[PDB]
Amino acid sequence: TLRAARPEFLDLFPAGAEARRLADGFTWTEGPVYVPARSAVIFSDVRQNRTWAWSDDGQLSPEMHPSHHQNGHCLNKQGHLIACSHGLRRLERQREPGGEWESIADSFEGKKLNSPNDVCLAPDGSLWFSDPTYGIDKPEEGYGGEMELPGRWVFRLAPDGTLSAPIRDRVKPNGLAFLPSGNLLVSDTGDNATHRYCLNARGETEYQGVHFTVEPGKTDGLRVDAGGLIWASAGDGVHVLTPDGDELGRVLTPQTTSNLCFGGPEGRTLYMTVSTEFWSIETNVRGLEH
């Protein structure tokens, strides 16, 4: 259900729009992305080592088992499915349904990655991913392992194959979302705040400061819509913020929401990974595209 902090919040949803559960029986849902070619949202259950598909015709189907504790997902420029893998400690790509998984980033300067958590596509085609240590710290969320890197970074995987780590000042970087300006937002689940960086072109960043915090809980995954509004996970649902970080309202969920994505047959459905369940609400807006 909807709780407006400002009137214009209601403009964002069709009349009588309500958050509703789509599916249950999961342990910890995460990492949803809509794949138009498959007419389905793919999402992970991180704590059950599997991924699922929710089709536009309203069917839940198993996607991958084991998934090697895949977590976050996005599409690359070509619309290939991109996964963050806790278990394999890598970023990986799937070209086609049922197709083999290809590693696209599995080490940095002779060191293993920690455990990629979330990923997003940059306007220049680069794939940016957060590398906190949840995937190797929590045995329920991966295959174990020890940290090899100096810290928990945000990586940029250039379309040509060049891997860099331009963001090294975060505690546990987690959710990532680009803004219409082409600058980047980074949620930090150690800092418990969402942070803003300017991208000085081509994989070089400058920290701008804390963009916002949320209560109750904290922002894990987040997305930005076509108008630049920020759709941010929290303890009680999704908080919708102005581009400057001011709260318009919230979509309330009975448990914590970890992540979210725009999709559906019109691109206007907001899917939410809500702990043990998977939820959606109809909106009047689409995800940002570039």
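Throughout, we count residues from 1 along the sequence that is shown.
K.L.:
Compare the mean C-alpha B-factor of 116-124 with that of 197-205 as given in the PDB entry, and name the stretch with the higher value.
P.N.:
Result of the comparison: 197-205.
K.L.:
Tell me which stretch has the larger mean Cα B-factor in this entry, 93-101 or 164-172.
P.N.:
The recorded data point to 93-101.
K.L.:
Of the three thirds of its chain by CA temperature factor, lowest, middle or highest, which one includes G87?
P.N.:
Its C-alpha B-factor, which the entry lists for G87, ranks in the lowest third among residues of this chain.
K.L.:
Mind checking which third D188 falls in for C-alpha B-factor across the chain?
P.N.:
Bottom third by C-alpha B-factor.
K.L.:
Pull the Cα B-factor of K218 out of the PDB entry and bin it into the chain's lowest, middle or highest third.
P.N.:
According to the entry, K218 has a C-alpha B-factor in the chain's middle third.
K.L.:
Could you look up the Cα B-factor of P180 in the entry and say which third of the chain it sits in: lowest, middle or highest?
P.N.:
Within its chain, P180 is a middle-third residue by C-alpha B-factor, going by the deposited values.
K.L.:
Grab the CA temperature factor for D45 from the record and place it in the lowest, middle or highest third of its chain.
P.N.:
For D45, whose C-alpha B-factor we compare with every modelled residue in the chain, the answer is the middle third.
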